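Next up: a single chain in structure tokens, the form deposited without the ligand.
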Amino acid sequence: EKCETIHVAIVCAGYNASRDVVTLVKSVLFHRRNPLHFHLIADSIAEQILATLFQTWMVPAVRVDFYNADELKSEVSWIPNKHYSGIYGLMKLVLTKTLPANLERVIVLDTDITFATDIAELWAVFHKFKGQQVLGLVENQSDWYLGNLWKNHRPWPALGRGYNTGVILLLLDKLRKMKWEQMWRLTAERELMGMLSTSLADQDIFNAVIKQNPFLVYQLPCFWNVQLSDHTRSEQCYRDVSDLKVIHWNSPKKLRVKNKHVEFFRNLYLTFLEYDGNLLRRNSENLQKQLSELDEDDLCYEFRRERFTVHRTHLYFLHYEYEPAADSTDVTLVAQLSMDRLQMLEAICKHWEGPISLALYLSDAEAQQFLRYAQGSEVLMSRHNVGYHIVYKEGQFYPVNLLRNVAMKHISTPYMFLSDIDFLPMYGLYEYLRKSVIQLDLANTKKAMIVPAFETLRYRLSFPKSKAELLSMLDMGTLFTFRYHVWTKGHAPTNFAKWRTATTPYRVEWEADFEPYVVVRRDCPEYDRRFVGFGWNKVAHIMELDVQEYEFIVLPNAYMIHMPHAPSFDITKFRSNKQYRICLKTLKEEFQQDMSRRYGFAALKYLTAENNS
């Protein structure tokens, strides 16, 4: 009917799979022509990642339904397995019970597949099933089951070379009809009485129920999944580029394998592993209705256009693991960055010790480059507790607030710290703020902690170690208060003069254009989307913290030393475009009046200050 709403099922388990299903879905969608409907069996972490990802793509004619695996985990718990994927591999057979009875046919695909062609043609194979051919599989393209690869090998019984369950084409309705659960269960225990465990997890069990009843299978043509292993024989299963339709990269080495034409296959792989998904995307009604009233005649309307724009967010790109402590007083950094500021990560990785978040902002190709880089550095790899929240590129402006609030919402500790990637904290600051949070006891009251700012110009500076050493180095003064020659009010209002002699934190009121760096509990407000780029950005958040009656505490025994960095493009554009400035000022008026409306008299002070200045 040209629109049958093709149905798919994918097993996701672990962060690696969570991030490989992205590539598989890219491959399927690239050649799509009719509506799709996925069905991802996911654990909690994969559930969150993929929920956010798909809810952010805004794909058309595509739907996503997530099925819990924790409840269905026990079903196969009695089947020992040895596959590197884990116990989640076997579960690809319980789909009949898990999926709804109202569905008929699903292309069960493993994560690593990649389709070079539309899945419509593969779906078409559902018009060639005859007799009691209810499953759909392909002949194995290896010698694993033949029992001749090496001496003393005892593969589980199978028909000829065996089959690889990379792609399965099912008739759910039928399997439900003829009592599918019990016979495969019976075969399962029947084939486990003699030996220890399976060798390929689900792939093994299916082969059993393939061998015992050979009238269910349907020997699809070999070129539906060109299995590539260390002993591949796909050369006879393809002749040219056009014939290939689908690939399976079954190897622990993955991309390090060697073949006669591995170059072309790898090039194709990178074609879609690097394709700009933000282009494939062609909640919706409200979004479009907001887009309706939008006017193109405003000075900086584009700020309004970008205020509510939705960007593809792929949360937790790389592995992440964290065990919360009993104290319940942890802190985690957050920061935006792009290419120009990557190098600082190592430095920050050499500074922090606890978890940090990061709203890393790159295109797809730069995202893969970062993947390689983070897979290279030993310091990054050894650090488990560093999240990597990716927000892909789109539009022209820089949605910095979007990046920082995306990093805000997803944190695994109660309190948090706001900064930028440039700043480099102390050594041991993690324990310092641990003790400080414990002592000031913010678990009850409402307070903010500020770490003062600075800036130096000695690239090869020895890392200071003690407050008294900073006193000596300021008496000599090699580095100065951050932005001491452009924006004195940025951090001068901290009144550094009294900082020196202090031994305990001191409170400070608000001042014109006061934009410190704060530590605060998670409840602190998100940023205002109206402002994208550089300029008058943090001070909005500061205004909200202040107007919520947050007392500003400045920590005595900490500080930050800006590591010099090259100028970026946002600052140059801000300093060059006057229209940017005037529309920023009108946005200032708008924000101030909205603040007044939402709180009332208390917010008038800012206005009065603007009237006084």
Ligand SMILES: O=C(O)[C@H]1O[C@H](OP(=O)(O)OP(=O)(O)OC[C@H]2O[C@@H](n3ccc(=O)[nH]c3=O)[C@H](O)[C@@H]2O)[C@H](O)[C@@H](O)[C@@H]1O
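So that there is no doubt, residue numbering starts at 1 and follows the sequence shown. Just so we're on the same page, rigid core means the largest C-alpha set that superposes within 1.5 Å between forms.
Just so it is clear, the following notes concern the form deposited with the ligand bound, a form of the same protein that is not shown.
A.B. asks: Hey, of 536-544, 347-355, 183-191, 227-235, which bit sits against the ligand in the deposited complex at 4.5 Å between non-hydrogen atoms?
C.D. replies: So the stretch in question is 536-544.
A.B. asks: Determine whether any heavy atom of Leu360 comes within 4.5 Å of a heavy atom of the ligand in the deposited complex, and answer yes or no.
C.D. replies: No, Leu360 sits far enough from the ligand in the deposited complex that none of its heavy atoms falls within 4.5 Å.
A.B. asks: Would you please decide whether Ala201 lies within 4.5 angstroms of the ligand in the deposited complex, comparing each non-hydrogen atom pair?
C.D. replies: Residue-level check for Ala201: no, no contact with the ligand.
A.B. asks: My question is simply whether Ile390 lines the interface with the ligand in the deposited complex - judged by any non-hydrogen atom within 4.5 Å.
C.D. replies: No, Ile390 stays farther than 4.5 Å from the ligand in the deposited complex.
A.B. asks: Check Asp422 for me: does it contact the ligand in the deposited complex (non-hydrogen atoms, 4.5 angstroms)?
C.D. replies: Flag for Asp422 set to yes.
A.B. asks: Please identify the residue among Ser436, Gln336, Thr111, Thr313 with any heavy atom within 4.5 Å of the ligand in the deposited complex.
C.D. replies: Partner contact (heavy atom, 4.5 Å) among the options: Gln336.
A.B. asks: If the cut-off is 4.5 angstroms on heavy atoms, which of these, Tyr398, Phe454, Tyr430, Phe417, is the one near the ligand in the deposited complex?
C.D. replies: The residue in contact is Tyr398.
A.B. asks: For the heavy atom contacts within 4.5 Å of the ligand in the deposited complex, list the residues of 493-525 involved, in sequence order.
C.D. replies: Heavy-atom contacts within 4.5 Å come from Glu515, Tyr517.
A.B. asks: In a fit on the core, which one among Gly477, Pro221, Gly428, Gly160 has a Cα that moves 2 Å or more between the shown form and the other one?
C.D. replies: So the only displaced C-alpha belongs to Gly477.
A.B. asks: Determine, after fitting the two forms on their core, whether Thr572 shows a C-alpha shift of 2 Å or more between the shown form and the other one.
C.D. replies: After core superposition, the C-alpha of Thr572 moves 2 Å or more between the shown form and the other one.
A.B. asks: Compare the position of the CA of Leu186 between the shown form and the other one after a rigid core fit and state whether the shift reaches 2 Å.
C.D. replies: The answer is no; the displacement is under 2 Å.
A.B. asks: So, does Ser242 move by 2 Å or more at the CA between the shown form and the other one, with the core held fixed?
C.D. replies: Result for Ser242: yes, a 2 Å-plus shift.
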